[PDB]
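# below you'll find the sequence and an experimental structure to go with it.
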Amino acid sequence: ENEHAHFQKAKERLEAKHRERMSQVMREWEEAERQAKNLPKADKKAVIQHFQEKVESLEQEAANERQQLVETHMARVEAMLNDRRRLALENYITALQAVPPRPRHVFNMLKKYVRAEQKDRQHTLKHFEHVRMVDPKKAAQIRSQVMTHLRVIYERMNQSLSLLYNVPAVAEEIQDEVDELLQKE
Amino acid sequence: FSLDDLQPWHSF
Ligand SMILES: O=C(O)[C@@H]1O[C@@H](O[C@H]2[C@H](O)[C@@H](NS(=O)(=O)O)[C@@H](O)O[C@@H]2COS(=O)(=O)O)[C@H](OS(=O)(=O)O)[C@@H](O)[C@@H]1O
Ligand SMILES: [Mg+2]
Ligand SMILES: [Zn+2]
Ligand SMILES: [Zn+2]
Ligand SMILES: [Zn+2]
Ligand SMILES: [Zn+2]
Ligand SMILES: [Zn+2]
Ligand SMILES: [Zn+2]
């Protein structure tokens, strides 16, 4: 339901709100520092302390909102992508069992299944690329789970396309259309 | 879990 694009608007909102809250605190700190000139040293020290804690507290609030936004989006996108792929695969397997065989209908059901696998692959690569850009240490930690995910997608898609060559009549008829679809994937 | 979970050659 364009779930990744809803995550980008939410990500942008979060960021503008953080920038707004931060500039507000910097403004308040200027007013306070100015006012603390006429006060004793203990008040000058406390203003510095209250404002350092306020900026640190804001940094932590933003970090927590980011983390929770990424987690909620990853879980939502994975459930959605799994459901589309479960359905597109079930259809493709149903199309393969038609008597007499229906090659054009098998290809139509395969295209939708390959693309569903492709979206899962693409979105996994998009999320890992983000982590690599923003947090190399977290990326190095998740790299093996990501590559494992990519291995599952790739292997399952190959086990699936193999079923097509298992019905030689259908395969010989659509071998040109499948390879013209695979090279562009 | 898997192509296996769908039970393609027998039930569902
Ligand atoms: O050479 C042919 O394929 C030709 O056209 C067939 O039409 C097929 C459609 O192309 C399919 N959909 S598509 O989106 O246009 O690709 C599909 O609706 O069904 C048709 C056959 O494929 S399958 O058997 O369903 O797999 C004609 O099909 S017909 O037999 O239904 O009339 C075919 O006769 C004609 O040679
Ligand atoms: Mg991401
Ligand atoms: Zn995403
Ligand atoms: Zn204060
Ligand atoms: Zn910040
Ligand atoms: Zn991020
Ligand atoms: Zn997946
Ligand atoms: Zn992750």
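Yes, it's here. Numbering: from 1, shown residues only, chains lettered A, B, ... in the order given. Ligands and ions are numbered 1, 2, ... in the order given.
# and the helix or strand containing residue A:44, what does it pack against?
Under the criterion of DSSP states H and E, residue A:44 resides in helix A:41-96. Packed against helix A:41-96 by the contact rule (3 or more Cβ pairs under 8 Å, 6 or more residues apart in numbering or on different chains; DSSP states H and E) you find helix A:3-36, helix A:103-134, helix A:136-165. All C-beta atoms are positioned from the backbone trio N, CA, C, and that covers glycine.
# tell me which residue lies nearest the centroid of chain A.
residue A:127 (4.1 Å; Cα atoms, centre = their mean).
# surely it meets residue A:71?
No: the pair residue A:127 and residue A:71 does not pass the contact test of Cβ atoms under 8 Å, sitting 11.2 Å apart.
# before we move on, the earlier item: anything in the helix holding residue A:44 near ligand 1?
No: for helix A:41-96, no contact with ligand 1 is found by Cβ under 6 Å from any ligand atom; the gap never falls below 8.1 Å.
# and that helix, is it in reach of ligand 2?
No: applying Cβ under 5 Å from the ion, one finds helix A:41-96 separated from ligand 2 by no less than 5.5 Å.
# and that helix with helix A:136-165, angle?
Counting by axes from the mean of the first three to the mean of the last three Cα atoms, to 10 degrees, helix A:41-96 points 10 degrees away from the direction of helix A:136-165.
# okay, the residue in chain A that chain B sits nearest to and residue A:185: tell me how far apart.
Nearest residue of chain A to chain B: residue A:93, at 5.5 Å (Cβ to the nearest Cβ). To residue A:185, residue A:93 is 20 Å away according to Cβ to Cβ, to the nearest Å.
# with ligand 2 as the reference, measure out to residue A:154.
21 Å (Cβ to the ion, to the nearest Å).
# whoops, I mixed them up, residue A:51
From residue A:51 over to ligand 2 the distance is 32 Å, taken as Cβ to the ion.
# check whether that residue really touches residue A:30, as I assumed.
No: using Cβ under 8 Å, residue A:51 is not in contact with residue A:30, being 9.8 Å away.
# neighbour-wise, which of these two wins?
Shown here are residue A:51 and residue A:30; by other Cβ atoms under 10 Å in any protein chain shown, residue A:51 has more neighbours (17 against 11).
# now for the nearest residue to that one once chain neighbours are set aside, how many residues are close by?
In space, and not counting its chain neighbours, residue A:51 is closest to residue A:29: 4.4 Å by Cβ to Cβ, 6 or more residues apart in numbering or on different chains. Residues lying near residue A:29 (other Cβ under 10 Å) number 17.
# ramachandran angles for residue A:2?
Main-chain dihedrals, residue A:2, degrees, to the nearest 10: phi 60, psi 30.
# and residue A:131, what does it touch?
Listed by Cβ atoms under 8 Å, 6 or more residues apart in numbering or on different chains, the contact set of residue A:131 reads A:138-139, A:142.
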